[PDB]
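Trainee: Here you go, run-v3.csv (CSV, C-alpha atoms):
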chain,number,residue,atom,x,y,z
A,1,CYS,CA,-39.0,-13.7,35.4
A,2,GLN,CA,-42.1,-12.2,33.6
A,3,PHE,CA,-41.8,-8.4,34.2
A,4,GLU,CA,-44.1,-5.5,33.5
A,5,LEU,CA,-43.1,-2.6,31.2
A,6,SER,CA,-46.0,-0.3,30.4
A,7,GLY,CA,-46.8,3.4,29.7
A,8,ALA,CA,-46.5,5.6,26.6
A,9,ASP,CA,-42.9,4.7,25.6
A,10,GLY,CA,-39.9,2.9,27.0
A,11,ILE,CA,-36.8,0.9,26.3
A,12,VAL,CA,-36.7,-2.8,27.0
A,13,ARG,CA,-33.2,-2.8,28.6
A,14,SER,CA,-30.5,-4.7,26.7
A,15,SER,CA,-30.3,-8.0,28.7
A,16,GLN,CA,-32.0,-6.8,31.8
A,17,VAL,CA,-31.4,-9.8,34.0
A,18,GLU,CA,-28.5,-8.9,36.3
A,19,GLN,CA,-30.7,-7.0,38.7
A,20,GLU,CA,-34.3,-8.3,38.3
A,21,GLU,CA,-33.4,-12.0,38.6
A,22,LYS,CA,-29.6,-12.5,38.6
A,23,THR,CA,-29.3,-15.9,36.9
A,24,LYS,CA,-26.1,-17.9,36.2
A,25,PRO,CA,-25.3,-17.7,32.5
A,26,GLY,CA,-24.5,-21.4,32.5
A,27,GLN,CA,-28.2,-22.4,32.6
A,28,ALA,CA,-30.5,-21.4,29.8
A,29,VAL,CA,-32.3,-18.2,30.6
A,30,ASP,CA,-35.4,-16.4,29.4
A,31,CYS,CA,-37.5,-13.5,30.7
A,32,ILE,CA,-40.8,-12.2,29.3
A,33,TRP,CA,-42.1,-8.6,29.2
A,34,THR,CA,-45.7,-7.2,29.2
A,35,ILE,CA,-46.5,-3.9,27.7
A,36,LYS,CA,-49.6,-1.7,28.0
A,37,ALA,CA,-50.1,1.6,26.2
A,38,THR,CA,-52.2,4.5,27.3
A,39,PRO,CA,-56.0,3.8,27.1
A,40,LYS,CA,-57.2,3.6,23.5
A,41,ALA,CA,-53.7,3.2,22.0
A,42,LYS,CA,-51.8,0.6,20.0
A,43,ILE,CA,-48.1,-0.1,20.0
A,44,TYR,CA,-45.3,0.3,17.5
A,45,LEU,CA,-42.1,-1.7,18.0
A,46,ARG,CA,-38.8,-0.5,16.6
A,47,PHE,CA,-35.5,-2.3,17.4
A,48,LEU,CA,-32.5,-0.1,18.1
A,49,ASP,CA,-29.9,-2.8,18.5
A,50,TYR,CA,-30.3,-6.6,17.9
A,51,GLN,CA,-27.6,-9.2,17.2
A,52,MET,CA,-28.1,-12.9,18.0
A,53,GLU,CA,-24.6,-13.8,16.9
A,54,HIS,CA,-24.2,-17.3,18.2
A,55,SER,CA,-26.3,-18.9,15.4
A,56,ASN,CA,-28.6,-18.1,12.5
A,57,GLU,CA,-30.6,-21.1,13.5
A,58,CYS,CA,-33.1,-20.9,16.4
A,59,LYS,CA,-33.3,-23.9,18.7
A,60,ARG,CA,-31.2,-22.0,21.3
A,61,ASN,CA,-31.3,-18.2,21.1
A,62,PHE,CA,-33.9,-15.7,19.7
A,63,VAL,CA,-36.3,-13.0,20.5
A,64,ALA,CA,-40.1,-13.2,19.8
A,65,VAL,CA,-43.0,-10.8,19.9
A,66,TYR,CA,-46.6,-12.0,20.4
A,67,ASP,CA,-49.7,-10.0,20.0
A,68,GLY,CA,-52.3,-9.5,22.8
A,69,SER,CA,-51.7,-11.4,26.0
A,70,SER,CA,-48.7,-13.7,26.7
A,71,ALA,CA,-50.3,-16.7,25.0
A,72,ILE,CA,-49.4,-18.8,22.0
A,73,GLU,CA,-52.5,-17.8,20.1
A,74,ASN,CA,-50.9,-15.9,17.3
A,75,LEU,CA,-47.1,-15.2,17.1
A,76,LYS,CA,-46.6,-11.7,15.6
A,77,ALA,CA,-43.0,-12.5,14.8
A,78,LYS,CA,-40.0,-14.4,16.1
A,79,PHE,CA,-36.9,-12.9,14.5
A,80,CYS,CA,-33.5,-14.8,14.1
A,81,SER,CA,-31.9,-13.2,11.0
A,82,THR,CA,-29.2,-10.5,11.3
A,83,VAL,CA,-31.7,-7.7,10.7
A,84,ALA,CA,-35.0,-7.1,12.5
A,85,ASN,CA,-38.1,-5.5,11.0
A,86,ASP,CA,-40.4,-3.0,12.9
A,87,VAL,CA,-43.8,-4.4,13.9
B,1,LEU,CA,-4.4,-2.1,-17.0
B,2,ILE,CA,-7.5,-2.7,-19.1
B,3,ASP,CA,-7.1,-6.5,-19.0
B,4,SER,CA,-4.8,-9.0,-17.3
B,5,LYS,CA,-2.9,-12.0,-18.5
B,6,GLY,CA,0.4,-13.5,-17.5
B,7,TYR,CA,3.3,-15.5,-19.0
B,8,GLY,CA,4.7,-18.9,-18.2
B,9,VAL,CA,7.3,-21.6,-18.8
B,10,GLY,CA,5.7,-24.2,-21.1
B,11,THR,CA,6.3,-27.9,-20.3
B,12,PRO,CA,4.6,-31.0,-21.8
B,13,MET,CA,1.4,-32.5,-20.6
B,14,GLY,CA,3.3,-34.7,-18.2
B,15,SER,CA,6.5,-33.5,-16.6
B,16,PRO,CA,7.9,-33.9,-13.1
B,17,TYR,CA,9.8,-30.7,-13.7
B,18,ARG,CA,6.7,-28.4,-13.4
B,19,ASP,CA,6.4,-28.7,-9.7
B,20,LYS,CA,10.0,-27.9,-9.0
B,21,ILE,CA,10.1,-25.1,-11.5
B,22,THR,CA,7.0,-23.6,-9.8
B,23,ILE,CA,8.8,-23.9,-6.4
B,24,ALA,CA,11.8,-22.1,-7.9
B,25,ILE,CA,9.8,-19.3,-9.5
B,26,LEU,CA,8.0,-18.7,-6.2
B,27,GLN,CA,11.4,-18.8,-4.4
B,28,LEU,CA,12.9,-16.2,-6.8
B,29,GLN,CA,9.8,-14.0,-6.4
B,30,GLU,CA,10.1,-14.2,-2.6
B,31,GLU,CA,13.7,-13.0,-2.8
B,32,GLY,CA,12.5,-10.6,-5.5
B,33,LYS,CA,15.5,-11.4,-7.8
B,34,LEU,CA,13.4,-11.6,-10.9
B,35,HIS,CA,12.4,-8.0,-10.2
B,36,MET,CA,16.1,-7.2,-10.1
B,37,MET,CA,16.5,-8.8,-13.6
B,38,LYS,CA,13.5,-6.9,-14.8
B,39,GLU,CA,14.9,-3.5,-13.6
B,40,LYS,CA,18.2,-4.5,-15.2
B,41,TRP,CA,16.6,-5.0,-18.5
B,42,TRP,CA,13.6,-2.6,-18.6
B,43,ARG,CA,14.8,0.1,-16.2
B,44,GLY,CA,18.4,-0.8,-17.1
B,45,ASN,CA,17.7,0.8,-20.4
B,46,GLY,CA,15.0,2.7,-18.6
B,47,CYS,CA,16.4,6.1,-17.5
B,48,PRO,CA,19.7,7.0,-19.2
B,49,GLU,CA,17.9,9.8,-21.1
B,50,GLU,CA,16.0,11.7,-18.3
B,51,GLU,CA,14.6,14.6,-20.2
C,1,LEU,CA,2.4,-1.3,-6.9
C,2,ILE,CA,5.3,-2.6,-4.9
C,3,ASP,CA,4.9,-6.4,-4.8
C,4,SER,CA,2.6,-9.1,-6.2
C,5,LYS,CA,1.0,-12.1,-4.6
C,6,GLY,CA,-1.9,-14.2,-5.9
C,7,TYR,CA,-5.1,-15.2,-4.3
C,8,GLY,CA,-5.8,-18.8,-5.3
C,9,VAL,CA,-8.1,-21.8,-4.9
C,10,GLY,CA,-6.8,-24.5,-2.5
C,11,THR,CA,-7.0,-28.2,-3.1
C,12,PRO,CA,-5.7,-31.2,-1.2
C,13,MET,CA,-2.2,-32.5,-2.2
C,14,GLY,CA,-2.4,-34.6,-5.4
C,15,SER,CA,-6.2,-34.2,-5.9
C,16,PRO,CA,-7.2,-34.1,-9.6
C,17,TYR,CA,-9.2,-30.9,-9.1
C,18,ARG,CA,-6.2,-28.7,-9.9
C,19,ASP,CA,-6.0,-29.4,-13.6
C,20,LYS,CA,-9.8,-29.4,-14.0
C,21,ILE,CA,-10.3,-26.1,-12.1
C,22,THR,CA,-7.4,-24.0,-13.4
C,23,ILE,CA,-8.8,-24.4,-16.9
C,24,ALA,CA,-12.2,-23.2,-15.6
C,25,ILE,CA,-10.5,-20.2,-14.0
C,26,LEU,CA,-8.8,-19.3,-17.2
C,27,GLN,CA,-12.0,-19.8,-19.2
C,28,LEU,CA,-13.8,-17.3,-16.9
C,29,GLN,CA,-10.8,-14.9,-16.9
C,30,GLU,CA,-10.4,-14.7,-20.7
C,31,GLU,CA,-14.2,-14.9,-21.3
C,32,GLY,CA,-14.7,-11.5,-19.6
C,33,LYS,CA,-17.1,-12.4,-16.8
C,34,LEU,CA,-14.4,-12.1,-14.1
C,35,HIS,CA,-14.0,-8.3,-14.4
C,36,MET,CA,-17.8,-7.7,-14.2
C,37,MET,CA,-17.9,-10.1,-11.2
C,38,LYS,CA,-15.1,-8.0,-9.5
C,39,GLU,CA,-16.8,-4.7,-10.3
C,40,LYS,CA,-20.2,-5.8,-9.1
C,41,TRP,CA,-18.8,-6.0,-5.5
C,42,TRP,CA,-15.9,-3.5,-5.4
C,43,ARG,CA,-17.9,-0.7,-7.1
C,44,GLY,CA,-19.6,1.1,-4.3
C,45,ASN,CA,-21.2,4.5,-4.8
C,46,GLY,CA,-18.3,5.9,-6.8
C,47,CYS,CA,-17.0,9.4,-7.1
C,48,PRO,CA,-19.4,12.0,-5.7
C,49,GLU,CA,-19.8,15.7,-6.7
C,50,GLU,CA,-16.5,17.1,-5.5
C,51,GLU,CA,-16.4,19.1,-8.8
D,1,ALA,CA,-8.4,31.8,-12.7
D,2,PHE,CA,-6.9,30.2,-9.5
D,3,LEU,CA,-10.0,31.1,-7.4
D,4,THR,CA,-12.3,29.7,-10.0
D,5,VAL,CA,-10.9,26.4,-11.2
D,6,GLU,CA,-8.7,25.1,-8.4
D,7,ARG,CA,-6.9,21.7,-8.5
D,8,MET,CA,-5.0,20.6,-5.4
D,9,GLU,CA,-2.2,18.1,-5.7
D,10,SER,CA,-0.7,15.5,-3.4
D,11,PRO,CA,2.5,16.3,-1.4
D,12,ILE,CA,3.8,12.8,-1.9
D,13,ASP,CA,3.3,10.8,-5.1
D,14,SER,CA,5.5,7.7,-4.9
D,15,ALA,CA,6.7,5.0,-2.6
D,16,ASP,CA,10.3,6.3,-2.6
D,17,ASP,CA,9.0,9.8,-1.6
D,18,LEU,CA,7.9,8.3,1.7
D,19,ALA,CA,11.5,7.7,2.5
D,20,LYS,CA,14.0,10.5,2.7
D,21,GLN,CA,11.1,12.7,3.9
D,22,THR,CA,10.8,12.0,7.6
D,23,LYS,CA,7.7,14.1,8.2
D,24,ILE,CA,4.7,12.0,7.4
D,25,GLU,CA,5.2,9.3,10.0
D,26,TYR,CA,3.6,6.4,8.1
D,27,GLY,CA,2.9,2.9,9.4
D,28,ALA,CA,1.6,-0.6,8.9
D,29,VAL,CA,-0.3,-3.5,10.5
D,30,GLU,CA,1.7,-5.0,13.4
D,31,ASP,CA,3.6,-8.0,12.1
D,32,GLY,CA,1.1,-9.0,9.5
D,33,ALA,CA,2.1,-9.4,5.9
D,34,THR,CA,3.6,-6.0,5.2
D,35,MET,CA,6.2,-6.3,7.9
D,36,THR,CA,7.1,-9.7,6.6
D,37,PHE,CA,7.9,-8.2,3.2
D,38,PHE,CA,9.8,-5.2,4.6
D,39,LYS,CA,11.8,-7.5,6.8
D,40,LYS,CA,14.5,-9.3,4.6
D,41,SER,CA,13.7,-7.0,1.6
D,42,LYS,CA,17.2,-6.3,0.4
D,43,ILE,CA,16.4,-3.8,-2.4
D,44,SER,CA,17.3,-1.3,0.4
D,45,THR,CA,14.9,1.2,-1.1
D,46,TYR,CA,12.5,-0.1,1.6
D,47,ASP,CA,15.3,-0.8,4.1
D,48,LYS,CA,15.2,2.9,5.0
D,49,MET,CA,11.5,2.4,5.2
D,50,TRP,CA,11.8,-0.5,7.7
D,51,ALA,CA,14.5,1.4,9.6
E,1,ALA,CA,-15.5,33.2,-9.1
E,2,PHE,CA,-19.0,33.0,-7.5
E,3,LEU,CA,-20.8,34.2,-10.7
E,4,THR,CA,-18.9,32.0,-13.1
E,5,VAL,CA,-19.2,28.9,-10.9
E,6,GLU,CA,-22.9,29.4,-10.4
E,7,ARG,CA,-23.7,30.2,-14.0
E,8,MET,CA,-22.2,26.8,-15.1
E,9,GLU,CA,-24.4,24.7,-12.8
E,10,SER,CA,-26.5,22.1,-14.6
E,11,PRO,CA,-29.9,21.4,-13.0
E,12,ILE,CA,-31.1,17.9,-13.6
E,13,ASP,CA,-33.2,17.3,-16.8
E,14,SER,CA,-33.0,13.6,-17.5
E,15,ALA,CA,-32.8,10.2,-15.8
E,16,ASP,CA,-29.2,9.5,-16.7
E,17,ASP,CA,-28.0,12.9,-15.6
E,18,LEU,CA,-29.9,12.2,-12.4
E,19,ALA,CA,-28.1,8.8,-12.1
E,20,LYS,CA,-24.7,10.4,-12.3
E,21,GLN,CA,-25.7,12.8,-9.5
E,22,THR,CA,-25.6,11.4,-5.9
E,23,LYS,CA,-26.8,13.9,-3.3
E,24,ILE,CA,-30.5,13.9,-4.2
E,25,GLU,CA,-31.9,10.6,-2.8
E,26,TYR,CA,-34.2,8.6,-5.1
E,27,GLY,CA,-37.4,6.8,-4.4
E,28,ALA,CA,-40.7,5.3,-5.6
E,29,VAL,CA,-43.8,3.8,-4.1
E,30,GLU,CA,-42.5,0.3,-3.3
E,31,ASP,CA,-43.8,-2.7,-5.2
E,32,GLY,CA,-46.4,-0.6,-6.9
E,33,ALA,CA,-45.3,-2.1,-10.2
E,34,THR,CA,-43.0,0.9,-10.6
E,35,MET,CA,-39.9,-0.1,-8.6
E,36,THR,CA,-40.3,-3.6,-9.9
E,37,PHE,CA,-39.6,-2.2,-13.4
E,38,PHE,CA,-36.2,-1.2,-12.0
E,39,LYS,CA,-36.0,-4.6,-10.3
E,40,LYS,CA,-36.2,-6.6,-13.5
E,41,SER,CA,-34.7,-4.1,-15.9
E,42,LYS,CA,-31.6,-5.0,-18.0
E,43,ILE,CA,-30.4,-1.5,-19.0
E,44,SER,CA,-27.2,-0.3,-17.4
E,45,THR,CA,-28.4,3.1,-16.2
E,46,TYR,CA,-31.6,1.7,-14.7
E,47,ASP,CA,-29.5,-1.1,-13.1
E,48,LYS,CA,-27.3,1.5,-11.3
E,49,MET,CA,-30.5,3.3,-10.4
E,50,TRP,CA,-31.8,0.1,-8.8
E,51,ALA,CA,-28.5,-0.4,-7.1
F,1,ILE,CA,-4.4,-31.7,4.6
F,2,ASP,CA,-6.5,-33.9,6.9
F,3,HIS,CA,-9.1,-34.2,4.0
F,4,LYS,CA,-12.0,-33.1,6.3
F,5,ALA,CA,-12.6,-30.6,3.5
F,6,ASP,CA,-11.8,-29.9,-0.2
F,7,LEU,CA,-11.0,-26.9,-2.4
F,8,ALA,CA,-11.2,-23.9,-0.1
F,9,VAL,CA,-12.4,-21.0,-2.2
F,10,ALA,CA,-11.4,-18.0,-0.2
F,11,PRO,CA,-8.7,-15.3,-0.3
F,12,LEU,CA,-5.6,-17.4,0.5
F,13,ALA,CA,-2.2,-16.0,-0.5
F,14,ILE,CA,-0.1,-18.3,-2.6
F,15,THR,CA,3.1,-18.2,-0.5
F,16,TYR,CA,6.2,-20.4,-0.4
F,17,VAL,CA,5.7,-22.1,2.9
F,18,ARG,CA,2.1,-23.3,2.3
F,19,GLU,CA,3.0,-24.5,-1.2
F,20,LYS,CA,5.0,-27.5,0.2
F,21,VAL,CA,2.1,-29.1,1.9
F,22,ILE,CA,-0.9,-27.8,-0.1
F,23,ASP,CA,-1.6,-27.4,-3.8
F,24,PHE,CA,-2.8,-24.1,-5.2
F,25,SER,CA,-4.6,-23.5,-8.5
F,26,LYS,CA,-3.6,-20.7,-10.7
F,27,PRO,CA,-4.4,-17.2,-9.3
F,28,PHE,CA,-7.8,-15.7,-10.2
F,29,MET,CA,-6.6,-12.1,-9.3
F,30,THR,CA,-3.3,-10.5,-8.4
F,31,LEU,CA,-2.3,-8.3,-5.4
F,32,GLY,CA,0.3,-6.0,-4.0
F,33,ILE,CA,1.0,-3.7,-1.1
F,34,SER,CA,0.4,0.1,-1.6
F,35,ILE,CA,0.2,3.3,0.2
F,36,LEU,CA,-3.0,4.9,1.6
F,37,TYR,CA,-3.3,8.7,2.3
F,38,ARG,CA,-5.8,11.5,2.6
F,39,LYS,CA,-6.3,13.6,-0.5
F,40,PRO,CA,-5.4,17.3,0.2
F,41,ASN,CA,-7.7,20.2,1.4
F,42,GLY,CA,-7.9,23.5,-0.6
F,43,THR,CA,-7.1,25.2,2.8
F,44,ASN,CA,-4.3,27.4,1.5
F,45,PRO,CA,-1.4,28.1,3.9
F,46,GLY,CA,-2.5,31.7,4.4
F,47,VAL,CA,0.9,32.8,5.4
F,48,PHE,CA,1.5,34.2,1.8
F,49,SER,CA,-1.4,33.1,-0.4
F,50,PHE,CA,-0.1,35.8,-2.7
G,1,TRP,CA,-49.7,-61.1,-8.2
G,2,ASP,CA,-52.4,-61.3,-5.6
G,3,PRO,CA,-55.6,-59.4,-5.0
G,4,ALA,CA,-54.1,-57.8,-1.9
G,5,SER,CA,-50.5,-56.8,-2.4
G,6,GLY,CA,-50.3,-56.5,-6.2
G,7,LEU,CA,-47.2,-56.8,-8.4
G,8,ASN,CA,-44.6,-58.9,-6.5
G,9,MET,CA,-42.4,-59.1,-9.6
G,10,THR,CA,-38.7,-60.0,-9.1
G,11,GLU,CA,-37.1,-57.4,-11.3
G,12,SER,CA,-37.9,-54.5,-8.9
G,13,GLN,CA,-34.5,-55.4,-7.6
G,14,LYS,CA,-32.5,-56.9,-10.6
G,15,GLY,CA,-30.0,-59.8,-10.0
G,16,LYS,CA,-27.2,-57.3,-10.8
G,17,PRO,CA,-28.4,-53.8,-9.9
G,18,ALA,CA,-27.3,-51.4,-12.7
G,19,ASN,CA,-27.1,-48.3,-10.4
G,20,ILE,CA,-24.2,-49.3,-8.2
G,21,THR,CA,-21.4,-46.9,-7.1
G,22,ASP,CA,-18.0,-48.4,-6.1
G,23,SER,CA,-16.4,-44.9,-5.9
G,24,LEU,CA,-16.7,-42.4,-3.0
G,25,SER,CA,-14.1,-39.9,-4.3
G,26,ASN,CA,-16.4,-36.9,-5.0
G,27,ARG,CA,-19.5,-36.6,-2.6
G,28,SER,CA,-20.9,-33.4,-1.0
G,29,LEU,CA,-17.6,-31.4,-1.6
G,30,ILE,CA,-16.7,-29.6,1.7
G,31,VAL,CA,-15.5,-26.2,0.5
G,32,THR,CA,-14.3,-23.7,3.1
G,33,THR,CA,-14.5,-19.9,3.2
G,34,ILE,CA,-14.0,-17.1,5.7
G,35,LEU,CA,-15.9,-13.9,6.7
G,36,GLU,CA,-13.7,-11.4,5.0
G,37,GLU,CA,-15.3,-8.0,4.3
G,38,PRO,CA,-16.0,-7.8,0.6
G,39,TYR,CA,-15.4,-11.5,-0.1
G,40,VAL,CA,-17.8,-13.8,1.8
G,41,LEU,CA,-20.3,-12.0,4.1
G,42,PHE,CA,-23.7,-13.1,5.6
G,43,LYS,CA,-26.5,-12.1,3.3
G,44,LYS,CA,-28.7,-9.2,4.5
G,45,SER,CA,-32.3,-10.3,4.9
G,46,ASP,CA,-35.1,-10.5,7.5
G,47,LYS,CA,-36.6,-14.0,7.3
G,48,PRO,CA,-34.3,-16.9,8.3
G,49,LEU,CA,-32.0,-18.2,5.7
G,50,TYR,CA,-31.3,-22.0,5.5
As structure tokens, what does this structure read like?

Mentor:
Amino acid sequence: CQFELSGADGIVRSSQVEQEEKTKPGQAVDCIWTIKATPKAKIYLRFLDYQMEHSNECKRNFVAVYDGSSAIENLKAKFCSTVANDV
Amino acid sequence: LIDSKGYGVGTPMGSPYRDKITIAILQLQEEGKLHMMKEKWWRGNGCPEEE
Amino acid sequence: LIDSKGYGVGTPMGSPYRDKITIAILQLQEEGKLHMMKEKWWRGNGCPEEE
Amino acid sequence: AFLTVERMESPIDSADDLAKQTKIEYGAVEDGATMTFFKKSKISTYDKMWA
Amino acid sequence: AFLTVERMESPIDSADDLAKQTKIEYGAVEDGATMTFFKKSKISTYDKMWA
Amino acid sequence: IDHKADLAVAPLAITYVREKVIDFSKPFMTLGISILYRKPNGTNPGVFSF
Amino acid sequence: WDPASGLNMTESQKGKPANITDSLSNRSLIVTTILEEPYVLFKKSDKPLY
């Protein structure tokens, strides 16, 4: 369920899966998002709410941010601890 | 209260009486009877001279 | 105050830790570190300028 | 003097004052540990409280 | 009341008097060897500053 | 009881019913139930503030 | 001793090993706490804690 989300600003909706690709919660789920700014512009990411409660260990649930295209080349940050820095 | 420290009922290093005396003290505290004795002896002489 | 309870340290029935741990609790209590330990967490900001 | 250095004081200042007042409408946690004490407490200074 | 409550205001003139005050938020350029002085300090007033 | 653990250092009230089937060390701080209320405003009644 | 393997000397494991434990009473004590508010709360940090 890779989805586009580009422009000047926007809110990656909290658990936006019920309408894009309504998946059963029993199976493991994951959906990626692609962001593009205006021409000649970088991006600042600031979390407004984030709580991966079910563990403080990350083999199951987490959120990650990669720089550039959606490849493994250089992980900007995968964040699992209670708080989440801006990037 | 600047500092805290309690009182007790001393018994030798080995005594099968300590467990039951502890049970009894916790009992009395749950019924609050020792508070009644305290008020009988501290408050009992406590306020006969309300100024 | 109205009543009094006591927060304690559990231990399995008949385990020898009781008599080896109560002494440590008393050592900390009468050695003065316990009050600073309590204050370091209960303190908070304190009393602001309502004066 | 009053408008310069003003010190306001509490209406109620004791546990007993909560009883025989019938205007503050106090409360407690539902059937936690406070209710357990107020139940069966036979000092009767808190039986009005529980009533 | 206005005049004699204003006249006895005390503008801050020292670190400790600042520490007692609360409204004015503190700060420093982080990890520029300045805040670290508060980090590793032992003095009580600087400790509450760092807190 | 089932020995799957050991000394459980956590706020655990030393009450009568537990004491039969556990063992508690000596308390490391005391307790009690008390009132909680809002301290008063200087908002005078204004009926007769004189 | 050999050119290849080296010191195959028999004391590397002594006939009666000194370091033997016949007691399992105190190993990896399993304490137990709870998430009370100002008692035991998750530390506030950004990188994972282990």

Trainee: With chain B held fixed, move chain C onto it by a least-squares fit of all C-alpha atoms in order and give the output as an mmCIF file with C-alpha atoms, keeping the file's coordinate frame.

Mentor:
data_model
loop_
_atom_site.group_PDB
_atom_site.id
_atom_site.type_symbol
_atom_site.label_atom_id
_atom_site.label_comp_id
_atom_site.auth_asym_id
_atom_site.auth_seq_id
_atom_site.Cartn_x
_atom_site.Cartn_y
_atom_site.Cartn_z
ATOM 1 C CA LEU C 1 -3.802 -1.906 -17.432
ATOM 2 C CA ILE C 2 -6.722 -3.386 -19.270
ATOM 3 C CA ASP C 3 -6.251 -7.176 -19.133
ATOM 4 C CA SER C 4 -3.866 -9.737 -17.618
ATOM 5 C CA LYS C 5 -2.246 -12.806 -19.059
ATOM 6 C CA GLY C 6 0.725 -14.764 -17.698
ATOM 7 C CA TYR C 7 3.905 -15.809 -19.309
ATOM 8 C CA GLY C 8 4.699 -19.323 -18.095
ATOM 9 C CA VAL C 9 7.047 -22.301 -18.357
ATOM 10 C CA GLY C 10 5.743 -25.175 -20.543
ATOM 11 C CA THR C 11 6.030 -28.824 -19.709
ATOM 12 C CA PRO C 12 4.744 -31.964 -21.377
ATOM 13 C CA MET C 13 1.295 -33.259 -20.208
ATOM 14 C CA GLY C 14 1.612 -35.141 -16.884
ATOM 15 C CA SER C 15 5.414 -34.641 -16.506
ATOM 16 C CA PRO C 16 6.499 -34.281 -12.847
ATOM 17 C CA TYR C 17 8.424 -31.085 -13.603
ATOM 18 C CA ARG C 18 5.401 -28.892 -12.873
ATOM 19 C CA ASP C 19 5.303 -29.352 -9.132
ATOM 20 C CA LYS C 20 9.111 -29.257 -8.828
ATOM 21 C CA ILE C 21 9.501 -26.080 -10.950
ATOM 22 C CA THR C 22 6.592 -23.952 -9.717
ATOM 23 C CA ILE C 23 8.082 -24.097 -6.235
ATOM 24 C CA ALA C 24 11.426 -22.924 -7.694
ATOM 25 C CA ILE C 25 9.630 -20.066 -9.443
ATOM 26 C CA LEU C 26 7.990 -18.989 -6.267
ATOM 27 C CA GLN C 27 11.245 -19.300 -4.319
ATOM 28 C CA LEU C 28 12.941 -16.923 -6.821
ATOM 29 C CA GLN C 29 9.896 -14.583 -6.902
ATOM 30 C CA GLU C 30 9.582 -14.142 -3.114
ATOM 31 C CA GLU C 31 13.398 -14.234 -2.597
ATOM 32 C CA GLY C 32 13.791 -10.944 -4.527
ATOM 33 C CA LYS C 33 16.141 -11.982 -7.321
ATOM 34 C CA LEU C 34 13.373 -11.908 -9.967
ATOM 35 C CA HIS C 35 12.906 -8.104 -9.905
ATOM 36 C CA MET C 36 16.687 -7.450 -10.238
ATOM 37 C CA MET C 37 16.763 -10.039 -13.077
ATOM 38 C CA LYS C 38 13.883 -8.106 -14.840
ATOM 39 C CA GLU C 39 15.537 -4.731 -14.298
ATOM 40 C CA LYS C 40 18.928 -5.845 -15.509
ATOM 41 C CA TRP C 41 17.447 -6.306 -19.052
ATOM 42 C CA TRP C 42 14.497 -3.870 -19.242
ATOM 43 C CA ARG C 43 16.482 -0.929 -17.778
ATOM 44 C CA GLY C 44 18.079 0.714 -20.731
ATOM 45 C CA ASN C 45 19.624 4.167 -20.493
ATOM 46 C CA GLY C 46 16.745 5.643 -18.516
ATOM 47 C CA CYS C 47 15.385 9.131 -18.412
ATOM 48 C CA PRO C 48 17.700 11.677 -20.037
ATOM 49 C CA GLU C 49 18.051 15.441 -19.290
ATOM 50 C CA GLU C 50 14.697 16.700 -20.496
ATOM 51 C CA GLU C 51 14.636 18.909 -17.331
#

Trainee: Contacts of residue 49 in chain A at 12 Å or less, counting all atoms listed in the file, minus same-chain residues fewer than 3 places along, as an MDAnalysis selection string?

Mentor: chainID A and resid 11:15 46 52 82:86

Trainee: Using the selection just defined, write its residues with C-alpha atoms as a PDB file, in the frame of the given file.

Mentor:
ATOM      1  CA  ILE A  11     -36.800   0.900  26.300  1.00  0.00           C
ATOM      2  CA  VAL A  12     -36.700  -2.800  27.000  1.00  0.00           C
ATOM      3  CA  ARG A  13     -33.200  -2.800  28.600  1.00  0.00           C
ATOM      4  CA  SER A  14     -30.500  -4.700  26.700  1.00  0.00           C
ATOM      5  CA  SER A  15     -30.300  -8.000  28.700  1.00  0.00           C
ATOM      6  CA  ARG A  46     -38.800  -0.500  16.600  1.00  0.00           C
ATOM      7  CA  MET A  52     -28.100 -12.900  18.000  1.00  0.00           C
ATOM      8  CA  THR A  82     -29.200 -10.500  11.300  1.00  0.00           C
ATOM      9  CA  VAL A  83     -31.700  -7.700  10.700  1.00  0.00           C
ATOM     10  CA  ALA A  84     -35.000  -7.100  12.500  1.00  0.00           C
ATOM     11  CA  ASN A  85     -38.100  -5.500  11.000  1.00  0.00           C
ATOM     12  CA  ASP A  86     -40.400  -3.000  12.900  1.00  0.00           C
TER      13      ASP A  86
END

Trainee: Using the file's own x, y and z axes, what box holds all listed atoms of range 36-44 of chain D with 5 Å on each side, keeping edges along x, y and z, and what are its centre and edge lengths in Å to one decimal, as lines of an AutoDock Vina configuration file?

Mentor:
center_x = 12.2
center_y = -5.5
center_z = 2.2
size_x = 20.2
size_y = 18.4
size_z = 19.2

Trainee: Can you list, as a ChimeraX atom specification, every protein, DNA or RNA residue that comes within 7 Å of residue 32 in chain F when you count all atoms listed in the file, leaving out same-chain residues fewer than 3 positions away?

Mentor: /C:1-5

Trainee: Taking only C-alpha atoms into account, find every residue of chain F that has an atom no more than 10 Å from chain C, and write it out as an MDAnalysis selection string.

Mentor: chainID F and resid 1:15 19:35

Trainee: Compile the contact shell of residue 39 in chain D as a PyMOL selection string: residues with an atom at most 12 Å away, counting only C-alpha atoms, same-chain residues fewer than 3 positions apart removed.

Mentor: (chain B and resi 30-31) or (chain D and resi 31-36+42-44+46-51)

Trainee: To one decimal place in Å, what is the distance between CA of residue 66 in chain A and CA of residue 19 in chain A?

Mentor: 24.8 Å

Trainee: Looking at all atoms listed in the file, which of B:32, B:49, B:27, B:16 is the one that sits closest to chain C?

Mentor: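 So, comparing all the options, the nearest one is B:32.
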